[PDB]
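**Q** In the numbering used here, the protein residues as written are 1062 to 1350. This structure is in C-alpha cells; I'll ask about it shortly.
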Amino acid sequence: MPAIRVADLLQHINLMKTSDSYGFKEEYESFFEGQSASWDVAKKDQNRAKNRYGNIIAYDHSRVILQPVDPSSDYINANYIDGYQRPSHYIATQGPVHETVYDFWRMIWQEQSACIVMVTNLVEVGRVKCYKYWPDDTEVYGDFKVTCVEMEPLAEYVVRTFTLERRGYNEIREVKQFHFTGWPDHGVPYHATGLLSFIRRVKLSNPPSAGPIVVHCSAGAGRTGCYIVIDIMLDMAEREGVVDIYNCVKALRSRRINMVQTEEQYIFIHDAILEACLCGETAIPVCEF
C-alpha cells in the first residue's frame, strides 16, 4: 500500500468514499481485528482490577513496564507507540480507574512525560469513562503530590498545568494535561478544526527532550488511535509532502489492540488530515467550512 501525495489526498478520499470496487469499507476491514500478540502479564489474576475494558489490554512486547513497588506492581494498561522519526514517542493507555490512578502517576514520573493528552470526557451520558485522576487544586496519590497551578480553557479543550512531587525526591516536575473536550458523546467530531488546533498546541508544548506523550481516552484504543495517527501523519506531510495513513494504523495495531476502533474514526482521520493539509495553521473559517 503506497503513500499518498498530499496534493492527491482530496481525490483519494473522494474515490475511497465513492468506489464500488475498493473503498473505505474494504480498506478498514483489511486491518487486523482482535489480539495479534501475547498479553500474558495483562491477563494474570493479580492485574484484573487494573484493566478498564477486559478486551483492550496491553501486549507483552510493547507494554510500559513499571519498576515494582508486590511483584504484580509492574503492570499498567499502556503501550509504547513510535512517532514520526521518534521511537516510543507516545504511550497509548486507558483512562485510569480509581485503582490505577497511583500507577498512572508512577508511569508519568518513571517515563518523564511532559504532556498528557486526554481525548475523552470523564462522563458521557451517565457512564464514567475516566476517573478524575487530577486535582482542581491539590491532591496526594500515594507518595505523589499533584498541584494544579494553571487552567486555560479554550472552546473545545482545556490546558491544565500541574506540578508533580514525589515523597523523597528533591525535584519538582511540571506536567501539562491537554484535555480535548470537543469529542462528541456519539460519533466523530462534525469538524476536525478544534482537534487540529488541539494537536498543534500539543506539538508546540511538548519538549523534544521530554519523555513519551501519554495519550488516553477511556479504553486507550479508538480516540487515542485517532489522535496519534493524525499527529504522526501531519509530521510526515510537513517533511515529505506525503501521508501513509493505512500503514500508520497497521503500525499502531502491532503495538496495541484495535487502535482506531471504527471505520467512521478511520474516515475521520482522513478528513482531519486533509483539512490540515488544505487549510494549514493560519486558516480563516471559509476553509473547510
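C-beta atoms are modelled at their ideal positions from N, C-alpha and C, and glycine is treated no differently.
Which residues does DSSP pair with residue 1031 in a beta bridge?
**A** No answer is possible for residue 1031: it lies beyond the span of the chain, which begins at 1062 and ends at 1350.
**Q** Rounded to the nearest angstrom, how far is the Cβ of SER1279 from that of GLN1155, given a contact under 8 Å?
**A** Start at 1 with the first residue of the sequence shown, and residue 1279 comes out as number 218. Start at 1 with the first residue of the sequence shown, and residue 1155 comes out as number 94. The Cβ separation is near 7 Å, so the contact holds.
**Q** At 3 residues or longer, what runs of the beta strand (DSSP E) sit wholly inside the stretch 1235 to 1307?
**A** Segments of the beta strand (DSSP E) lying fully in the stretch 1235 to 1307: 1274 to 1277.
**Q** Three Cβ pairs or more, each shorter than 8 Å: is that satisfied between the stretch 1283 to 1291 and the stretch 1171 to 1191?
**A** yes
**Q** Which residue comes first and which comes last in the alpha helix (DSSP H) that contains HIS1073?
**A** On the sequence shown, residue 1073 is found 12 positions in, with the first residue counted as 1. Residues 1070 to 1077.
**Q** I want to know whether the stretch 1075 to 1086 touches the stretch 1306 to 1314 - three or more CB-CB distances under 8 Å.
**A** no
**Q** Residues in the same chain with beta-carbon distance under 6 Å from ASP1305, minus the five sequence neighbours each way, listed in chain order, please.
**A** Here residue 1305 corresponds to residue number 244 of the sequence shown, with the count starting at 1. Answer for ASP1305: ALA1064, listed in chain order.
**Q** First and last residue of the beta strand (DSSP E) that includes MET1179?
**A** As a first step, residue 1179 is located in the sequence shown; it is residue number 118 there, counting from the start. It spans 1176 to 1179 - the beta strand (DSSP E) in which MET1179 sits, taken as one unbroken run.
**Q** Give every residue of the same chain whose Cβ lies closer than 8 Å to the Cβ of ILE1334, excluding the five residues on either side of it in the sequence, and list them in chain order.
**A** Locating residue 1334 in the sequence shown gives position 273, where the first residue counts as 1. Counting only Cβ-Cβ distances below 8 Å, and skipping sequence neighbours, we find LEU1070, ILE1291, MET1294, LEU1295, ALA1298, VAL1304, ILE1306.
**Q** Short check: CB of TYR1120 to CB of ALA1098, under 8 Å?
**A** Position 59 of the sequence shown, counting from 1, holds the residue named residue 1120. Position 37 of the sequence shown, counting from 1, holds the residue named residue 1098. Yes, Cβ-Cβ distance for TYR1120 and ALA1098 is below 8 Å.
**Q** I'd like the span of the alpha helix (DSSP H) that includes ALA1337, first residue to last.
**A** Start at 1 with the first residue of the sequence shown, and residue 1337 comes out as number 276. Run containing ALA1337: 1324 to 1340, per the alpha helix (DSSP H) assignment.
**Q** Taking all protein chains shown into account, do 16 or more other C-beta atoms lie within 10 angstroms of the C-beta of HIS1150, making it buried, or fewer, making it exposed?
**A** For this step, residue 1150 is matched to residue 89 along the sequence shown. Buried, since its Cβ has 16 or more Cβ neighbours within 10 Å.
**Q** Tell me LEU1127's beta-bridge partners as DSSP assigns them.
**A** For the purposes of this step, residue 1127 is identified with residue 66 of the sequence shown, where counting begins at 1. None, per the DSSP bridge assignment.
**Q** By Cβ distance below 7 Å, which residues in the same chain neighbour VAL1249 in space, the five residues on each side in sequence not counted?
**A** Walking along the sequence shown from the start, residue 1249 turns up at place 188. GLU1325, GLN1326, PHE1329, listed in sequence order.
**Q** Quick one: Cα of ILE1117 to Cα of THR1343, how far?
**A** In the sequence shown, residue 1117 corresponds to position 56, counting from 1. In the sequence shown, residue 1343 corresponds to position 282, counting from 1. Answer to the nearest angstrom: the Cα atoms are 38 Å apart.
**Q** With contact counted as at least three CB pairs below 8 Å, one residue from each stretch, are the stretch 1238 to 1253 and the stretch 1179 to 1194 in contact?
**A** Verdict: yes, contact present.
**Q** Which residues share a DSSP beta bridge with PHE1205?
**A** In the sequence shown, the residue the question calls residue 1205 occupies position 144. The partner list for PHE1205 (beta bridge, DSSP) reads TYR1202, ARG1227.
**Q** Out of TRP1166, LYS1264, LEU1127, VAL1102, state which residue places its alpha-carbon closest to the alpha-carbon of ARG1234.
**A** For this step, residue 1234 is matched to residue 173 along the sequence shown. Ranking the options by Cα distance to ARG1234, first place goes to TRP1166.
**Q** If you compare alpha carbons, which of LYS1086, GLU1088, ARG1124, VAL1102 is closest to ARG1316?
**A** Within the sequence shown, residue 1316 is the residue found at index 255, counting from 1. Cα-wise, what sits closest to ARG1316 is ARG1124.
**Q** What would DSSP say about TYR1163, mapped onto helix, strand or coil?
**A** Reading the sequence shown from its first residue, position 102 is the one you call residue 1163. Three-state result, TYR1163: helix.
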